[PDB]
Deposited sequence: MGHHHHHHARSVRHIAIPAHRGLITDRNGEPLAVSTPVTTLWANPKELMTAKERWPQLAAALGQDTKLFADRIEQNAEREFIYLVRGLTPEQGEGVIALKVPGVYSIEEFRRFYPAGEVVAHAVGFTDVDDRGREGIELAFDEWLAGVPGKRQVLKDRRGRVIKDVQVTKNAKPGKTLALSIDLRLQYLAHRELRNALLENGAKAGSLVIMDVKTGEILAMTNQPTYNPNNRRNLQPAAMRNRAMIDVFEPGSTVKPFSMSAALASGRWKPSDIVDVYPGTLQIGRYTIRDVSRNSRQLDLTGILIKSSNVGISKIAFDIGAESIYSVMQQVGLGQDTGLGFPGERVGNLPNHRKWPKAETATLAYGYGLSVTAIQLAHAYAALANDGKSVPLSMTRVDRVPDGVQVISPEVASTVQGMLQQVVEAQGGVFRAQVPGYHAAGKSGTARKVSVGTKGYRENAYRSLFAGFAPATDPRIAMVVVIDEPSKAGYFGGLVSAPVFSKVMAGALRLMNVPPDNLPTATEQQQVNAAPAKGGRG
């Protein structure tokens, strides 16, 4: 009785108007088997025109002989569709439909996602913003005799309303740079999987989100399953040392600690009841707060955690969004877990403090660094272009955030620091770490320009079979290269000036 009139699906562009998902006209062929059944001699030419086996085609028509609508083929070009319609096969009609094509392809596959056969969002932005993008389908009334001769297509019951254009937060230029550099780093280190997230610290915008391995959304016939995984939003891990700047934020906000305060960590181990906290680097006695970060001392961070209490640490981590909902409403996005133990024994206090007491995603870690870089102000995450920036929330006092930024600038720039993360022409800040899932990931989280932050970035490189990945060796060089390129693409003035 009714045949739907598909609506033009809204265009998806990057933030600069570059096309990412385009509704393109296609011609679909359908048939009324009751009418096709009267023209059996035409079937082989029809089957041959559709590149279909004559018998498989005949069986399909015979098996559907009492039906009034079946699809023959979907998604042909207008010219191909016209050519078959030009054979004048009785009971064979055409529907002008729309099919999504993804011009940037594998470069932004997970972020954009894709639609199903019926042009409905199935993954990523296509799904998250399906109501905005879809539009309203039309309706046409088909009236036939008491069998299969089309008596009336009388009218169109309702016209189609097209979907709405959507500009993503993604900057395809930064996305391409991140994609290329993550693939390069994976090949260099013998790694197979990873993610790279770039964020605008002032606006909450996700400027880049790339996952390796990736896939071509235009050709989804039996791909590798690992390729489909949106790692940045789905791979949950214990962030480890990358959350020590948050434990430091709690220490500075407690009123008990100043950056020049000292902690004795010798001999790089600390016994707490039956348990032993151990530092990987064990060449220290007295360290200031910046030194605890540079040497990544678990003993140093744990002693501070015992002094200030785990409640203060848990609260900073919860306030910056670690193990919390992002509010993006992105399909398949995971939350992780930040356990609120209410009362923490010494062992749980220490493990929380050096980041093995919680599980987060790369997106949550990048959002947490954005808050720190944005002078302690958290702006809601956005996968769409943000024109009017929300007020956000002051989650870390501006004083504490500015102090920790300076400590992280020293982690990158000071003697003995993560020098492979330095960005020529700029001052940069960040912290390397080894994530845990035991499966490991090499991490670098940071932001730049260090003295007036604009961009936050997280690099996650998955550690294969055997260890040996140090975040400072593996992920830090990727941060340097992508950050150098992203700041220049954004015309951010160099801050490393005399």
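Checklist entry - Where does the model have holes with respect to the deposited sequence? => result 1 to 12, 450 to 459, 521 to 538 are the stretches of the deposited chain that have no C-alpha coordinates in the structure.
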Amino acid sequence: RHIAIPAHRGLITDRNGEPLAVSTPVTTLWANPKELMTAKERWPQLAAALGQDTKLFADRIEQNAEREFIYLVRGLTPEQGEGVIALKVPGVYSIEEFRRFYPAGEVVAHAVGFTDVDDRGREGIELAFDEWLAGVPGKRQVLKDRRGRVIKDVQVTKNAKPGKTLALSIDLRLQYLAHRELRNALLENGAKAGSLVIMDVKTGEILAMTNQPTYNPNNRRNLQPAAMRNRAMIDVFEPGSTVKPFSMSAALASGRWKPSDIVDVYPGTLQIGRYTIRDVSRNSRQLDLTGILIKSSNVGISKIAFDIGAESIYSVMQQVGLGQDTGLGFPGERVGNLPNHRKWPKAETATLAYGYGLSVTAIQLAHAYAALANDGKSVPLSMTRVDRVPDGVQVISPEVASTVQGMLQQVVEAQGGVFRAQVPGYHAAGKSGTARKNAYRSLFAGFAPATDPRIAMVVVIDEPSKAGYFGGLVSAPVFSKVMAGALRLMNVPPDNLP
From here on, numbers count along this sequence of modelled residues.
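If you superpose the two forms and keep the largest set of C-alpha atoms that fall within 1.5 Å, you have the rigid core.
Item to check | Farther-lying stretch by C-alpha RMS in 9 other deposited structures of this protein, rigid core as reference, of 317 to 325 and 336 to 344 | outcome: Higher root mean square deviation of C-alphas in 9 other deposited structures of this protein is shown by 336 to 344.
Next on the checklist: Do the Cα atoms of 190 to 198 or of 377 to 385 sit farther, on average, from the shown structure in 9 other deposited structures of this protein when the rigid core is superposed?
Outcome noted: After the core superposition, the stretch with higher RMS deviation in 9 other deposited structures of this protein is 190 to 198.
Next on the checklist: Which is higher on mean Cα B factor in this entry, 457 to 465 or 46 to 54?
Outcome noted: The entry gives the higher C-alpha B-factor average to 46 to 54.
Checklist entry - Can you tell me which stretch has the higher mean Cα B-factor, 87 to 95 or 408 to 416? => result In the deposited entry, the stretch with the higher C-alpha B-factor mean is 87 to 95.
Checklist entry - Between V201, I206, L143, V389, which carries the biggest CA temperature factor in the record? => result Among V201, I206, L143, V389, the PDB entry lists the largest C-alpha B-factor for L143.
Item to check | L270, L328, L293, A251, ranked by C-alpha B-factor: the highest one | outcome: Checking the PDB record, the top C-alpha B-factor among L270, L328, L293, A251 is at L328.
Item to check | Chain-relative CA temperature factor third for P25 | outcome: For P25, whose C-alpha B-factor we compare with every modelled residue in the chain, the answer is the highest third.
Item to check | B-factor third for the C-alpha atom of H367 within its chain | outcome: Answer is lowest: the recorded C-alpha B-factor places it there.
Checklist entry - According to the PDB entry, is the CA B factor of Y314 in the bottom, middle or top third of its chain, that is, lowest, middle or highest? => result Its C-alpha B-factor, which the entry lists for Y314, ranks in the lowest third among residues of this chain.
Checklist entry - Comparing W257 with the other modelled residues of its chain, is its CA B-factor in the lowest, middle or highest third? => result Its C-alpha B-factor belongs to the middle third of this chain's values.
Next on the checklist: Please say which third, lowest, middle or highest, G138 falls into when its CA temperature factor is compared across its chain.
Outcome noted: Highest third.
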